[PDB]
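Data first, discussion second: the structure below is written as structure tokens.
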Amino acid sequence: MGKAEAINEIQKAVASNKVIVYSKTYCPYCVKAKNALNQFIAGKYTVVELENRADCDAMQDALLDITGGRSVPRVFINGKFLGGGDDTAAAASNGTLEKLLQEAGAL
């Protein structure tokens, strides 16, 4: 369950989920992204929590190679990386998050 497997697992889940957020339970910025998505698609998207994953370091290492950063949250829509918690809440406030969800078929 090294880093190569982590990159493969994340890429497959990002491509097969309209909306997916890699997160941790105790994470105020993850809550920021979750609350932004809950404004439009509450209870209709995947959250992968990492704090109890034995390969959590490799998963965040994989998130670094895929997105440029390794911190949670990491929000993907329609196979495309959106950003973190601030990026997601900013998209919710300016109207683009709603449109990105509509174009992804999730809304």
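Every chain in the structure tokens takes a letter, A first, then B, and so on in the order presented; its residues are numbered from 1, and the ligands are numbered from 1 following the presented order.
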
Range 56-102 of chain A residues near range 17-30 of chain A within 7 Å, closest pair each, using only C-alpha atoms, as a tab-separated table:
```
residue	atom	partner	partner_atom	distance
A:72	CA	A:23	CA	5.1
A:73	CA	A:23	CA	4.7
A:74	CA	A:22	CA	5.1
A:75	CA	A:21	CA	4.5
A:76	CA	A:20	CA	5.4
A:77	CA	A:19	CA	4.7
A:78	CA	A:18	CA	4.8
A:85	CA	A:29	CA	4.8
```

Take the residues from that selection and write them out as a PDB file, in the first residue's frame, keeping N, CA, C and O atoms.
```pdb
ATOM      1  N   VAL A  72      -4.822  18.371   3.519  1.00  0.00           N
ATOM      2  CA  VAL A  72      -6.263  18.195   3.363  1.00  0.00           C
ATOM      3  C   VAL A  72      -6.928  19.524   3.705  1.00  0.00           C
ATOM      4  O   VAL A  72      -6.396  20.283   4.529  1.00  0.00           O
ATOM      5  N   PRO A  73      -8.078  19.860   3.099  1.00  0.00           N
ATOM      6  CA  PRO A  73      -8.796  19.038   2.121  1.00  0.00           C
ATOM      7  C   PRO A  73      -8.265  19.171   0.697  1.00  0.00           C
ATOM      8  O   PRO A  73      -7.561  20.129   0.373  1.00  0.00           O
ATOM      9  N   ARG A  74      -8.608  18.195  -0.141  1.00  0.00           N
ATOM     10  CA  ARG A  74      -8.332  18.231  -1.573  1.00  0.00           C
ATOM     11  C   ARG A  74      -9.633  17.890  -2.287  1.00  0.00           C
ATOM     12  O   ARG A  74     -10.125  16.762  -2.179  1.00  0.00           O
ATOM     13  N   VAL A  75     -10.195  18.861  -3.000  1.00  0.00           N
ATOM     14  CA  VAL A  75     -11.531  18.752  -3.577  1.00  0.00           C
ATOM     15  C   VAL A  75     -11.404  18.587  -5.084  1.00  0.00           C
ATOM     16  O   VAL A  75     -10.745  19.395  -5.752  1.00  0.00           O
ATOM     17  N   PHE A  76     -12.036  17.544  -5.617  1.00  0.00           N
ATOM     18  CA  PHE A  76     -12.051  17.268  -7.046  1.00  0.00           C
ATOM     19  C   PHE A  76     -13.486  17.287  -7.551  1.00  0.00           C
ATOM     20  O   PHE A  76     -14.392  16.763  -6.895  1.00  0.00           O
ATOM     21  N   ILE A  77     -13.691  17.894  -8.716  1.00  0.00           N
ATOM     22  CA  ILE A  77     -14.993  17.925  -9.371  1.00  0.00           C
ATOM     23  C   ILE A  77     -14.791  17.550 -10.831  1.00  0.00           C
ATOM     24  O   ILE A  77     -13.979  18.173 -11.526  1.00  0.00           O
ATOM     25  N   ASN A  78     -15.517  16.528 -11.288  1.00  0.00           N
ATOM     26  CA  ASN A  78     -15.513  16.121 -12.694  1.00  0.00           C
ATOM     27  C   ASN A  78     -14.113  15.711 -13.152  1.00  0.00           C
ATOM     28  O   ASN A  78     -13.715  15.958 -14.292  1.00  0.00           O
ATOM     29  N   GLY A  85      -9.973  24.131   1.171  1.00  0.00           N
ATOM     30  CA  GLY A  85     -11.172  24.637   1.820  1.00  0.00           C
ATOM     31  C   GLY A  85     -11.488  26.068   1.431  1.00  0.00           C
ATOM     32  O   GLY A  85     -12.629  26.394   1.090  1.00  0.00           O
TER      33      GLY A  85
END
```

Which residues are close to residue 71 in chain A, i.e. within 9 Å by only C-alpha atoms, leaving aside same-chain residues fewer than 6 positions away? Reply as a compact mmCIF listing (two decimals) with N, CA and C atoms, in the first residue's frame.
```txt
# COMPACT_ATOMS: atom_id res chain seq x y z
N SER A 23 -9.96 14.21 2.95
CA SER A 23 -10.19 15.01 4.15
C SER A 23 -9.65 14.27 5.36
N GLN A 60 -1.31 11.34 1.20
CA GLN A 60 -1.01 12.77 1.10
C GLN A 60 0.18 13.03 0.20
N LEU A 63 -1.41 12.97 -3.08
CA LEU A 63 -2.11 14.23 -3.32
C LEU A 63 -1.14 15.35 -3.70
N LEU A 64 0.08 15.31 -3.17
CA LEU A 64 1.08 16.31 -3.55
C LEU A 64 1.46 16.18 -5.02
N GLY A 84 -8.47 23.71 -2.10
CA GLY A 84 -8.67 23.37 -0.71
C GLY A 84 -9.95 23.96 -0.15
```

Using DSSP assignments from the backbone, pull out every residue in chain A that falls under alpha helix (DSSP H) and give it to me as a PyMOL selection string.
chain A and resi 3-16+28-41+56-67+85-94+96-103

Leaving out residue 44 in chain A and any residue of its chain fewer than 2 positions from it, which residues lie within 9 Å of it when counting only C-alpha atoms, given as a PyMOL selection string?
chain A and resi 19+38+41-42+46+106

Selected residue, from A:57, A:51, A:5, A:86, that lies nearest to residue 31 in chain A when counting only C-alpha atoms:
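With only C-alpha atoms as the atom set, the closest residue is A:86.
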
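Excluding residue 58 in chain A itself and any same-chain residue fewer than 6 positions from it, the protein and nucleic acid residues within 8 Å of it, counting only C-alpha atoms, are residues 2, 3 and 6 of chain A.
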
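Among A:1, A:32, A:40, A:70, the residue with the shortest atom-to-atom distance to residue 102 in chain A, counting only C-alpha atoms, is A:40.
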
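Comparing the minimum interatomic distances between residue 95 in chain A and each of A:4, A:66, A:37, A:59, counting only C-alpha atoms, we find that A:37 sits nearest.
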
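From CA of residue 94 in chain A back to CA of residue 47 in chain A, the distance works out to 23.2 Å.
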
So how many Å separate CA of residue 62 in chain A and CA of residue 10 in chain A, to one decimal?
7.6 Å

So how many Å separate CA of residue 13 in chain A and CA of residue 48 in chain A, to one decimal?
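About the pair CA of residue 13 in chain A and CA of residue 48 in chain A: they are 9.9 Å apart.
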
Backbone-only DSSP, strand (DSSP E or B) members of range 6-92 of chain A, as an NGL selection string:
:A and (19-23 or 46-49 or 74-77 or 80-83)

Residues near residue 39 in chain A, anyone? I mean within 10 Å using only C-alpha atoms, not counting same-chain ones fewer than 3 positions away, as a list in words.
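Surrounding residues, per the criterion: residues 34, 35, 36, 42, 92, 97 and 98 of chain A.
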